[PDB]
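The chain below stands alone and is given as C-alpha cells, in the form deposited in one PDB entry.
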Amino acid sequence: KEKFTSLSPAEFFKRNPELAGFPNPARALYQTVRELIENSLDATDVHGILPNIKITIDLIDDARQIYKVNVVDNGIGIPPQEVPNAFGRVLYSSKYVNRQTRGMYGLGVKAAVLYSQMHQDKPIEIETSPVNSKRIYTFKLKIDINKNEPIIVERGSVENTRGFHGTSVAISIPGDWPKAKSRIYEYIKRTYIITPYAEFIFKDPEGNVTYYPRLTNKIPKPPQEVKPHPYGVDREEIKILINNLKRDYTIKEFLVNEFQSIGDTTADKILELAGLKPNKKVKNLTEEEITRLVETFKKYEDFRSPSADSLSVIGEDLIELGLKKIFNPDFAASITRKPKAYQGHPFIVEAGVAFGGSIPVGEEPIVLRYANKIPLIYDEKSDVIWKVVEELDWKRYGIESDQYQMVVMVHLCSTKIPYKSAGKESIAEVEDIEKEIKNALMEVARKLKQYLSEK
C-alpha cells in the first residue's frame, strides 16, 4: 500500500545533499568555502564596503577527516534576531529581492549545516556585530530538520566598543583537502583577479598562508533592488505582485508603478494591445485577462531597456587587465553589452578573448566562466557558455589551424542567474541568454578577426 507523506525543505535537502553541491566530501569542502566567501562578499561590496576577508581551513580530526572552515569578513553583520533563521532555516534569505547578488536561494549555508550535522556533532559558530551597537553576538546553532527551524544552542554577547563590524562563521564537516586543493585555490584566485578592491588572506589545512593584496580603493557602484522588467514576466509573477498590493490600484497604475520601462504612453499602448482598461481594478483580473497581459508583454516591441542600477559588471578594463596578467597574450579584447531582460530579469553578458604569448597550444579554447562575479569551476561541459563557445566557428574569425592558443571568457550577470543545480556550478539552457552570449562572443571574435588579419 502506498503511504503518502510530506517533507519540510530541510528534510528534502538532507535526503538529497547532492542537489545542493554536497555529493562527496571533496566537493563538500569546496562548496562550503565557496558559500561562506560568497556570503562575506555579498555582505560587503553590495553595501559599499571594501571587503576584508579571512579564510581558514584546519584539519581537526584526522581519522574521521573533519575539517573546520572559518570565514571572517568586515561586512554589515546580521541583526541578532535574524541569526537563527539566516543560518538555521532552509529557504530564508535577504536576497529574494530583485537585485544582483552572488546568493539567491536562501539555502547555501544551511546546506553546509545539514551536511555538517549528518556527519559530526559540533554546532556551527557565528559571531556578528552589525553596523551599529556596542555588542558582538555569538551563536551556536543546529537545524531541527523535521520542523525546519533553528535550535539555539549557545547565545551570548559582549561589549566590543571599538568599531568592529562583520561576521565570523565556522562550520565543521567531512572533507578531502588533497582532492579539493587545486579547485579551492583556483576559486579564490579567479575571485581575486576580478575583485581588486578586496583583500583576502587564506590559510590552508597544511598551514600555507596566502595573501591577496587590495590593489585599488575604488568600489563599483553597489547593485540595488529594482522593479521587474515587463518582458517575460509570467502569470504567477503578475498575481504575486497583485496580492502584494496595499491599495486597490487600477490596471494602468499597476503597470506604471510595478514595472521598469512603463510610463503613461507605454501603459496606454499596453492596455490596448491587451484589450484591458486603464481604470479597472487590477485585483479583479481574470485568469484569462492575466494571460492577455503576459502575452502582450512578450510581443511588445518598444520597451526601453532595463537600467544598469540593478547589475554590477566587471568591466572591459578589468576583464582585459585580468586576461593579460594571467596569460600574457599577444592580443586581448573585451566587451560589456548593454542590459537585456529575460523572464522579467535584467541581465548583461560581458566577454573577453585572449589569443597569444604564453597561452598553451590546444585543439579547443580555454573557457573561463563567471556568473554574478562568481568563478565557475565544475561541470563546464554542461554549461550553456560552453555550448555556445563550442558552436562558434573560429575558422572564420581568423583561427586557421585546428590548433590554436585562445582564452575565451564569459561573464553573465543578472538579478537571477538560472543555474542547473542549487550547487551553482553551471548555467542552464535559457534561450534569451544563449542568444545574448552568442552576441557577446561574436563582438569579441570580430575584434580578434581584425587582429589576426592585421598581424
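Residues carry their position along the shown sequence, with the first being 1. Note that the rigid core is defined as the largest set of C-alphas that superpose within 1.5 Å between two forms.
Set 116 to 124 against 213 to 221 and average the Cα temperature factors; 213 to 221 ends up higher. Across the two stretches, 200 to 208 and 318 to 326, the PDB entry reports the greater mean Cα temperature factor for 318 to 326. Among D264, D73, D234, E289, the highest C-alpha B-factor recorded in the PDB entry belongs to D264. Across the options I173, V169, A274, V90, the residue with the most elevated CA B-factor in the record is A274.
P150: CA B factor in the middle third of modelled residues in this chain (values from the PDB entry). Remark: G398 belongs to the highest third of its chain, ranked by C-alpha B-factor as recorded. In the deposited entry, the Cα temperature factor of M406 places it in the highest third of its chain's modelled residues. Annotation for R27: C-alpha temperature factor in the middle third relative to the rest of the modelled chain, per the entry. Annotation for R162: CA B-factor lies in the highest third of the chain's modelled residues.
Keep in mind that the form deposited in another entry is not shown, yet the notes after this line are about it.
Rigid-core fit between this form and the one not shown: of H165, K95, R183, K373, the one residue whose Cα shifts 2 angstroms or more is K95. With the core held fixed, the Cα of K122 is displaced between this form and the one not shown by less than 2 Å.
Core-superposed comparison between this form and the one not shown: the C-alpha position of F297 differs by no less than 2 Å. Once you line up the core between this form and the one not shown, the Cα of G263 ends up 2 Å or more from where it was.
Cα of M104 to Cα of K179: at least 3 Å shorter in the other form than in the shown structure. In the other form, the CA atoms of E154 and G106 move apart by 3 angstroms or more relative to this form.
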